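> build me a structure from this.
(chains A, B and C, ligands or ions: 2)
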Amino acid sequence: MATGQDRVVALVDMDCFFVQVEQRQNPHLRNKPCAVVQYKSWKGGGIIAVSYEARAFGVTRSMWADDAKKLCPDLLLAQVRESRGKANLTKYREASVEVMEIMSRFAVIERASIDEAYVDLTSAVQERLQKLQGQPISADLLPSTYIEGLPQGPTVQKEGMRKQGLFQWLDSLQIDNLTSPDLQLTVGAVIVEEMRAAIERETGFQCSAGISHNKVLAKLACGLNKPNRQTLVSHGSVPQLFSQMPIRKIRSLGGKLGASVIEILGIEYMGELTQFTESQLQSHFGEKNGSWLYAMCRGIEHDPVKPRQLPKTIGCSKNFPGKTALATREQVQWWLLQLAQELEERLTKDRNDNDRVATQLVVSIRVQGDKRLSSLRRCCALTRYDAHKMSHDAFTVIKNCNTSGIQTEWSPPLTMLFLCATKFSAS
DNA sequence: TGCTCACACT
DNA sequence: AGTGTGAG
Ligand SMILES: O=c1[nH]c(=O)n([C@H]2C[C@H](O)[C@@H](COP(=O)(O)OP(=O)(O)OP(=O)(O)O)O2)cc1F
Ligand SMILES: [Ca+2]
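Numbers count the residues shown, from 1 in each chain, chains lettered A, B, ... in the order given. Ligands and ions are numbered 1, 2, ... in the order given. Below is the structure in question.
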């Protein structure tokens, strides 16, 4: 009976990352309710990142800025840079690289998004445990750490509660056994306090972390005590944790599959999966999903932290909603050329920085009237980092989609253009 | 929201 | 390949 305690895994997550990047650059905005927007001319801008001050008012991602100002009249905004008619994330990718390089000094990380990485600390934990003689862990080593499900048993202030929970954990900690999985988690989190202490010292950014035994738990745990805090979710907190945890809060159960787990099975919380056999779960959801759900609701997951701090694709997309859909052939050239131009800037940087070339160009369009994120994906070869050739070749492989009999028109009008560089080879 | 990115299925 | 899902 194996219990998924073999690894120590952490998930770190930059608290409102884009906001922090803007607040480091423009100090005026620090410690105020503020958000980052892109494209101001439509309803003040779509909001893509919201500080915690601003969230206390209810400002959320994907509002329009004009609606966020209704909820938060003193809300400060920063706008994303625009390059060649489109939002340009280069400042945030560069802060992201800053943080990931720091994290890498500690343990191998899997970049998961521009603002989070997973951390396999199985190996760093063993080494620390031998430098540590066997001496107890001081509560002073975990000054921003919450123990989930503690305190329990026979203080009205938040910091008060945390200390009581950490004292209880440490008081019962079995430091003489260099193999108790709870002790490894504790050491895992000491390493995460230091790793987080150095992000802040060396970039000024604050972040939250989750320390558990796999990636799903660490990600849940990270969310439990935001902002600027870390949470140990031990194997033993799982039954109480999952007992009232909605299915949709576990990673990858937030969409259609989770909804079917809810409907088909007639349950609400992750804990309720444990009453079904593995073959039962497989019969509703397939061999892989039933297996995955059977182990997960018992706190067991095996997805490895992959040693991958660089993306597999470089992508450049722009939407054209509404009357702004592209209706003329020479409109479609121009944006393609705009898209191929930013793609080229970024490809050359990536060759120079990271020693690889992309070999396949993926083009994708949206048609006025279709339903889905994409309406069509097509590819060709990517042999030169040249905007004019990349955009020419991208046109070539989409020109037949033009249903219009006219040459100078384009029917149906295009609602999105997308270029993606993939298939990387060492350079 | 829009602009990304990883991945499973076929 | 090309499509669909899930996420930040
Ligand atoms: O829908 C989105 N839009 C959207 O621009 N981004 C962008 C902007 C954001 O700063 C950055 C971070 O992604 P996160 O979803 O993890 O959120 P954070 O801002 O870092 O902090 P917290 O999770 O609120 O504590 O991606 C994510 C989306 F998911
Ligand atoms: Ca986050």
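> gap between whatever residue of the stretch 51-200 of chain A ends up closest to DNA strand C and residue A:223?
Each residue of the stretch 51-200 of chain A has a distance to DNA strand C, by CB to the nearest atom of the strand, and the smallest belongs to residue A:113, at 3.0 Å. For every residue, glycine as well, the C-beta is placed using N, CA and C. Distance, residue A:113 to residue A:223, by CB to CB, to the nearest Å: 14 Å.
> repeat that for residue A:73.
Summarising the geometry, the distance separating residue A:73 from residue A:223, computed by CB to CB, is 29 Å.
> picking that back up, how about the secondary structure of the residue of the stretch 51-200 of chain A closest to DNA strand C?
In terms of secondary structure, residue A:113 is coil; the call rests on DSSP: H, G, I helix; E, B strand; the rest coil.
> distance check, it against residue A:17.
Distance from residue A:113 to residue A:17, counting by CB to CB: 9 Å.
> still on that earlier bit, comparing residue A:73 and residue A:223, which residue is more hemmed in?
Comparing residue A:73 with residue A:223 by other CB atoms under 10 Å, the one with more neighbours is residue A:223, at 13 against 9.
> not counting its neighbours along the chain, what's nearest the more buried one?
residue A:210 (7.2 Å; CB to CB, 6 or more residues apart in numbering).
> then residue A:221?
Leaving aside its sequence neighbours, residue A:221 sits nearest to residue A:210 (CB to CB, 6+ apart; 3.3 Å).
> and that neighbour, what element?
With the criterion set as DSSP states H and E, the secondary-structure element containing residue A:210 is strand A:207-212.
> in its sheet, which strands sit next to that strand, and in what direction?
According to DSSP bridges, strand A:207-212 forms sheet pairs with strand A:9-14 (antiparallel), strand A:230-232 (parallel).
> and of these, who's closest to residue A:416?
Smallest distance to residue A:416 across the strands paired with strand A:207-212 (CB to CB): 28.0 Å, for strand A:9-14.
> what sits up against that closest one?
The set of residues that contact strand A:9-14 without belonging to it, under CB atoms under 8 Å, 6 or more residues apart in numbering, is A:20, A:96, A:99, A:103, A:107, A:112, A:115-122, A:188, A:192, A:195-196, A:205, A:207-215, A:217-219, A:221-222, A:226, A:305.
> and residue A:113 and residue A:17? Which one has more around it.
residue A:17 (21 against 11).
> which phi and psi does the residue lying closest to residue A:99 once chain neighbours are set aside have?
Using CB to CB, 6+ apart and skipping residues adjacent in sequence, the residue nearest residue A:99 is residue A:199, 5.8 Å away. Listed backbone geometry of residue A:199 is phi -60, psi -50, with angles given as degrees, to the nearest 10.
> what is the neighbour count of residue A:199?
A total of 21 residues lie near residue A:199 under the criterion other CB under 10 Å.
> ok, now which ones touch it?
A:99, A:102-103, A:205-207.
> just give me the closest of those to DNA strand B.
The nearest member of the contacts of residue A:199 to DNA strand B, counting by CB to the nearest atom of the strand, is residue A:99 at 15.6 Å.
> how near is the residue nearest to residue A:223 to residue A:224?
When distance is defined by CB to CB, residue A:210 is 7 Å away from residue A:224.
> give me the common contacts of those two.
The contact sets of residue A:210 and residue A:224 overlap at A:231, A:233 (CB under 8 Å, 6+ apart).
> neighbour count for the two, which is higher?
residue A:210 (31 against 16).
> quick one, what contacts that one?
With the criterion set at CB under 8 Å, 6+ apart, residue A:210 makes contact with A:10-13, A:217-224, A:230-231, A:233.
> cool, thanks, talk later.
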